[PDB]
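So the protein lines, in turn, are chains A and B.
Okay, so the first sequence: first residue is 512 according to the working numbering, each after it adds one.
Okay, so the second sequence: first residue is 28 according to the working numbering, each after it adds one.
All C-beta atoms, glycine included, are put in the ideal place defined by N, C-alpha and C.
Structure first, then comments.
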Amino acid sequence: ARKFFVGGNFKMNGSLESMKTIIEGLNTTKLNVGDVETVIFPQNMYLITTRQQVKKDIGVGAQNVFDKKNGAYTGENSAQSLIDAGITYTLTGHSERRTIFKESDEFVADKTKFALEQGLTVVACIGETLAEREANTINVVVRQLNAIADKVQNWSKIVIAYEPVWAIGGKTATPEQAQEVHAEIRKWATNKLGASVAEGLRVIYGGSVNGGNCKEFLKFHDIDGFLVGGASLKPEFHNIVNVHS
Amino acid sequence: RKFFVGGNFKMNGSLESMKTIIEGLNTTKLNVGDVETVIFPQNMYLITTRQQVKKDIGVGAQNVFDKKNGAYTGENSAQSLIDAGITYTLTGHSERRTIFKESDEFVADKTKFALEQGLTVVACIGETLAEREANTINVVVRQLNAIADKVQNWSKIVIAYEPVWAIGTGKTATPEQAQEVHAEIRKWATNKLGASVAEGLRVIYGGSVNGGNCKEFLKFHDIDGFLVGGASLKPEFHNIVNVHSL
Numbered sequence: 512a513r514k515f516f517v518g519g520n521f522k523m524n525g526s527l528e529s530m531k532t533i534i535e536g537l538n539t540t541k542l543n544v545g546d547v548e549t550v551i552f553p554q555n556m557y558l559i560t561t562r563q564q565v566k567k568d569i570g571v572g573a574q575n576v577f578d579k580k581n582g583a584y585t586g587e588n589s590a591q592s593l594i595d596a597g598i599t600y601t602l603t604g605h606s607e608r609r610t611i612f613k614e615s616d617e618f619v620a621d622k623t624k625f626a627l628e629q630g631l632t633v634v635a636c637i638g639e640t641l642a643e644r645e646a647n648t649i650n651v652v653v654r655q656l657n658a659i660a661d662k663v664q665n666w667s668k669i670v671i672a673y674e675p676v677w678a679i680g681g682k683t684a685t686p687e688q689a690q691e692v693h694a695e696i697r698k699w700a701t702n703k704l705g706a707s708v709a710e711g712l713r714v715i716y717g718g719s720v721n722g723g724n725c726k727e728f729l730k731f732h733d734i735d736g737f738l739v740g741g742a743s744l745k746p747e748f749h750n751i752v753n754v755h756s
Numbered sequence: 028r029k030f031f032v033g034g035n036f037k038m039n040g041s042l043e044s045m046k047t048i049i050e051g052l053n054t055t056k057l058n059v060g061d062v063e064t065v066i067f068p069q070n071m072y073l074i075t076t077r078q079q080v081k082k083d084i085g086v087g088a089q090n091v092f093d094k095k096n097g098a099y100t101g102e103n104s105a106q107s108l109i110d111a112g113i114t115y116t117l118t119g120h121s122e123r124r125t126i127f128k129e130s131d132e133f134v135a136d137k138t139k140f141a142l143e144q145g146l147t148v149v150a151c152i153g154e155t156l157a158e159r160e161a162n163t164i165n166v167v168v169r170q171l172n173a174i175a176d177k178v179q180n181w182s183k184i185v186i187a188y189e190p191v192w193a194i195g196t197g198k199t200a201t202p203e204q205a206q207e208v209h210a211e212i213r214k215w216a217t218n219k220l221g222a223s224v225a226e227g228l229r230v231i232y233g234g235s236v237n238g239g240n241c242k243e244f245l246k247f248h249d250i251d252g253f254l255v256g257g258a259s260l261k262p263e264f265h266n267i268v269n270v271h272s273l
């Protein structure tokens, strides 16, 4: 059985007051840590103070990382520096970085590989646009995942997040439609990586979800958790994290 | 023009080295009236750096996005920076223009937005090895004109002229060619912005500045400070930051 995983991507948001409020809120919600692996991904400048202030049962992750050792890359986050401060997770390949900053498949794979070597869990993000949904959903996620497979041998500390990029515009993606893609991701992992990798690999839904319908999403057969966007800034996040009780 | 010294830590650091780098700067005696000193740590250290480094030293981000808070995973927000007391940012560093393909226009746009939200911006400009052949002034003027297209008020801009071929290579420009590029930058600003704005505009030299070549620059009247890279992580930065006051 794959452990339920809930990540909260705060994106480019935050003030000192709102980060304190979110963190003190997570510190007081009743977590069954054996039931859920919970991680928050705050805007870069808050990474260290978030790790200091949020309780040990909640992981902290970066929203992006570069693919090289410490060096002359102004503006970037270092995988070495992150884990030296207790930041043990990172996103790679978020659709906003693929689309706005044109991060390539290979660059996302290279960042993933380096972050894994340096000791982080990587939430590697994938997903197709509306134009790609027309006929090429499977081919797009397969291409995105293949690029990571080319560089990464050990998947025990990857979790894949599927973003229905086509729906950020489109309407709301339904749980059915998520299940479809998730099943395809699990087929791909079985064929490329082996059944025992595919059966342990968390595939979390990255499209819009709230605490009321996330139960409807986990009713479907290949959805292991969520990468929550805007709800992760709100009290609603605690009802997604805590859904099993 | 108040002399300006910035220390760009780039993509370096650990808890332990950041602590002692800052400790070193705290116990360094400064003439704040004479030198505006700013350090730009790696993103994750931005708040702890502002908490630990004395008030006389400013803290800056190494980059910022050009929009209000929103769905730009992985970016630094100018509004969030100001809210936490981080009052400076770099824009247009050569490593971002080259590795991440930041265009003149994007750099100008994030400069304008950072300025609107309260930051002082150190906008970086500079020519490559190939461009040094015959095209130095063409390049830096194009890069400046893009900023001028977007920005009306230059009082909280500092210009950092950093020849790409001088970045981390040990090949410092000699002060004599640094002077003449800066003189051209000041002639460009005089024409575009007026003599009054040009005379107030800090133009600082970056690229392999270190504790040993810095004094030579101080003889030159259009070099208004330094942007220091590798050396800002080292104790000799304690010189560079005070050397104008000596």
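What beta strand (DSSP E) runs, 3 residues minimum, are completely inside the stretch 193 to 233 of chain B? Here the runs fully enclosed are 230 to 233.
Along the stretch 573 to 588 of chain A, where does the CB come closer than 7 Å to a CB of chain B? Name the residues. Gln574, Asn575, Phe577, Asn581, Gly582, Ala583, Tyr584, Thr585, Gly586, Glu587 and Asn588
So, does the CB of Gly256/B fall closer than 8 Å to a CB anywhere in chain A? In terms of beta-carbon proximity, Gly256/B lines the interface with chain A, with at least one pair separated by less than 8 Å.
With a cut-off of 8 Å, does the C-beta of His755/A fall near any C-beta of chain B? no
Output the distance between the C-alpha atoms of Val255/B and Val32/B, rounded to the nearest integer angstrom. In a straight line, the C-alpha of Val255/B is about 8 Å away from that of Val32/B.
Could you please tell me which residues of the stretch 48 to 76 of chain B, in chain order, have their CB closer than 9 Å to any CB of chain A? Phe67, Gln69, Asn70, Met71, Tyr72, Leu73, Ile74 and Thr75
Whole angstroms is fine: what's the gap from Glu226/B's alpha carbon to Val633/A's? 50 Å
Keeping to the same chain, check which residues put their C-beta closer than 6 Å to that of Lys514/A; ignore five residues upstream and five downstream. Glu548
Tell me, please, whether the stretch 107 to 118 of chain B touches the stretch 86 to 94 of chain B by the rule of three or more beta-carbon pairs shorter than 8 Å. yes
What ranges does the beta strand (DSSP E) occupy inside the stretch 47 to 71 of chain B, keeping only unbroken runs of at least 3 residues that lie completely in it? 62 to 67
Could you compute how far the alpha carbon of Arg124/B sits from the alpha carbon of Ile186/B? 15 Å
Would you check if the distance between the CB atom of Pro190/B and the CB atom of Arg159/B is smaller than 8 Å? yes
Could you tell me which chain B residues have their CB closer than 7 Å to the CB of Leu631/A, listed as they occur along the chain? Per Cβ cutoff of 7 Å: no residues; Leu631/A is ~13 Å from chain B at best.
Taking C-beta to C-beta, are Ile152/B and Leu171/B nearer than 8 Å? yes
Shortest alpha-carbon distance to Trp192/B belongs to which of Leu57/B, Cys241/B, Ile74/B and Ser235/B? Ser235/B
Between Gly545/A and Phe748/A, how many whole angstroms is the CB-CB distance? I'm expecting something under 8 Å. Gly545/A to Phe748/A, Cβ: 20 Å. No contact.
Going along chain B, which residues have a C-beta under 8 Å from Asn524/A? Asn96, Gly97, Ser104 and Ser107
Residues in the stretch 606 to 634 of chain A having any Cβ partner in chain B nearer than 9 Å: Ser606, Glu607, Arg608, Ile611, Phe612 and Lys613
Alpha-carbon to alpha-carbon, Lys242/B and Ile250/B: 12 Å
Taking beta-carbon pairs under 8 Å, can you tell me which members of the stretch 195 to 207 of chain B lie near chain A? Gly195
To test your reading of the DSSP string, which unbroken beta strand (DSSP E) runs of 3 or more residues are found completely within the stretch 565 to 607 of chain A? 569 to 573 and 600 to 603
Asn35/B CB to nearest chain A CB: under 8 Å? yes
When the Cα of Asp621/A is compared with those of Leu704/A, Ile659/A, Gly723/A and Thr683/A, which residue comes out closest? Checking every option, the nearest Cα to that of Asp621/A belongs to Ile659/A.
Measuring CB to CB, does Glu211/B end up less than 8 Å from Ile164/B? Going by C-beta atoms, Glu211/B is nearer than 8 Å to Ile164/B.
Buried versus exposed, by CB contacts within 10 Å (16 or more), residue 7/B: Residue 7/B cannot be examined here, being either before or after the span of chain B that is shown, 28 to 273.
Taking the DSSP output, what are the residues bridged to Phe244/B? DSSP output for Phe244/B lists no bridge partner at all.
Could you list which residues in chain B have their beta carbon closer than 7 Å to that of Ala678/A, in chain order? Here the premise fails: no neighbours, minimum Cβ distance about 14 Å.
What in chain A is Cβ-close to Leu42/B, meaning under 7 Å? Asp595 and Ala596
How long is the line joining the alpha carbons of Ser130/B and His605/A, rounded to whole angstroms? CA-CA distance, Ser130/B to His605/A, rounds to 22 Å.
Can you check whether the C-beta of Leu602/A is within less than 8 Å of a C-beta belonging to chain B? yes
Those runs of the alpha helix (DSSP H) which lie wholly inside the stretch 628 to 677 of chain A and span at least 4 residues: 641 to 644 and 648 to 662
According to DSSP, residues forming a beta bridge with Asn35/B: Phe67/B
Can you tell me whether DSSP reads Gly257/B as helix, strand or coil? helix
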